[PDB]
Each structure stands twice: as structure tokens, then as C-alpha cells.
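Novice: Those letters in the sequence shown? Residues 329 to 447, by the working numbering.
Don't be surprised by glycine CBs; every beta carbon is placed ideally from N, CA and C.
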Amino acid sequence: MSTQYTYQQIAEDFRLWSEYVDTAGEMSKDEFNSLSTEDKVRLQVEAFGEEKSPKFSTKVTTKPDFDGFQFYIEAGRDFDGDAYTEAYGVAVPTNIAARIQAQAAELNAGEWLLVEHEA
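#1: Pick out whichever of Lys-387, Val-443, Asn-423 and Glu-354 has its Cα sitting closest to the Cα of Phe-399.
#2: Could you give the residue range of the alpha helix (DSSP H) that holds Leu-371?
#3: Tell me whether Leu-435 counts as near the ligand PLP, meaning its Cβ is closer than 8 Å to at least one heavy atom of that ligand.
#4: How many Å lie between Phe-376 and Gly-417 at the Cα?
#5: Over what stretch of residues does the alpha helix (DSSP H) that includes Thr-422 continue unbroken?
#6: Name the DSSP beta bridge partners of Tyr-333, please?
#7: Write down the C-beta distance between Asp-408 and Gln-429 rounded to the nearest angstrom, noting that I regard them as a contact closer than 8 Å.
#8: May I ask which residues mark the beginning and end of the beta strand (DSSP E) holding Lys-357?
#9: Please state whether DSSP places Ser-346 in a helix, a strand or coil.
#10: Between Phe-384 and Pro-421, is the Cβ-Cβ spacing less than 9 Å?
#11: Would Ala-339 and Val-388 qualify as a contact pair, given that the criterion is a beta-carbon distance under 9 Å?
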């Protein structure tokens with residue numbers, strides 16, 4: 329499974345790039361300018377190899393402010409596959425859905441997961 333967002337999203341957000349790339353290490357903003365955008369992708373893809381099929385990934389976020397066109401799941405709340413299919417109108421793998429529900433049970437309060445995909 330994967331808990332990190334897409335490579336393009338990470339590149340756009342400097343904070344995510346530094347945090348994901350290094351657990352404690354920091355990355356200066358000027359370094360990004362020096363490196364080519366294409367080059368950045370090569371380094372990120374090299375670490376995780378190459379993938380062709382789509383994968384389900386979520387990220388932990390803090391309670392966001394008023395917004396729209398977004399879906400968040402309250403921590404400590406059970407989440408079935410039915411809700412997912414209703415929210416996005418698409419089917420989800422049974423094994424993956426079960427994993428998500430299990431995660432909710434052990435999920436720490438105060439942490440919200442964001443579910444998104446590309447069609």
C-alpha cells in the first residue's frame with residue numbers, strides 16, 4: 329500500500345517533498361529551482377520503480393477549514409465499501425476496502441484520511 333500522494337502533487341508542494349523525502353532532513357526551496365522538473369520525477373520514480381496499474385493511496389491530514397468538492401473521513405468512524413462507491417460512484421476492491429476499515433479501527437484520533445483518484 330502507499331500513504332503518499334502522487335508524484336506530481338508532491339513536487340508542487342515543497343512541504344510534502346521535504347517531509348516525504350526526508351524524515352528529519354529539510355530541503356531548501358532554491359534547490360528545487362536548480363533541479364529540472366523532469367529530473368525530479370526520475371529520482372522519485374527510481375526509488376519506487378515503475379508502475380503501470382493504479383494504486384489506492386491515502387494521506388493523514390489535520391482537520392481542514394470550510395471547503396467543498398472534497399471528502400474526509402472522521403477518525404474512529406467505521407468506513408464500509410458501500411460509502412466509497414456511493415461517494416465516487418465507482419467500485420472498489422474488496423480486499424482493499426477491508427484494509428481501509430481495519431485501519432480506521434487502529435487509526436489515531438485527530439488524524440483524517442483523504443481518498444482521491446484519477447479518472
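Specialist: Reading it off the structure:
#1: Among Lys-387, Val-443, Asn-423 and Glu-354, the Cα nearest to that of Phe-399 is on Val-443.
#2: Counting along the chain, the alpha helix (DSSP H) containing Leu-371 begins and ends at 365–376.
#3: Here there are no bound small molecules, and the ligand PLP is not part of this structure.
#4: For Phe-376 and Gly-417, the distance between alpha carbons rounds to 30 Å.
#5: Element bounds for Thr-422: 422–434.
#6: Paired residues: none, contrary to the question.
#7: Contact check for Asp-408 and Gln-429: beta-carbon distance about 7 Å, within the 8 Å limit, so the pair qualifies.
#8: Run containing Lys-357: none in the beta strand (DSSP E); it sits in the alpha helix (DSSP H), 357–362.
#9: Correct three-state label for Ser-346: helix.
#10: In this structure, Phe-384 places its C-beta atom within 9 Å of the C-beta atom of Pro-421.
#11: For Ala-339 and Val-388, no; Cβs fall outside 9 Å.
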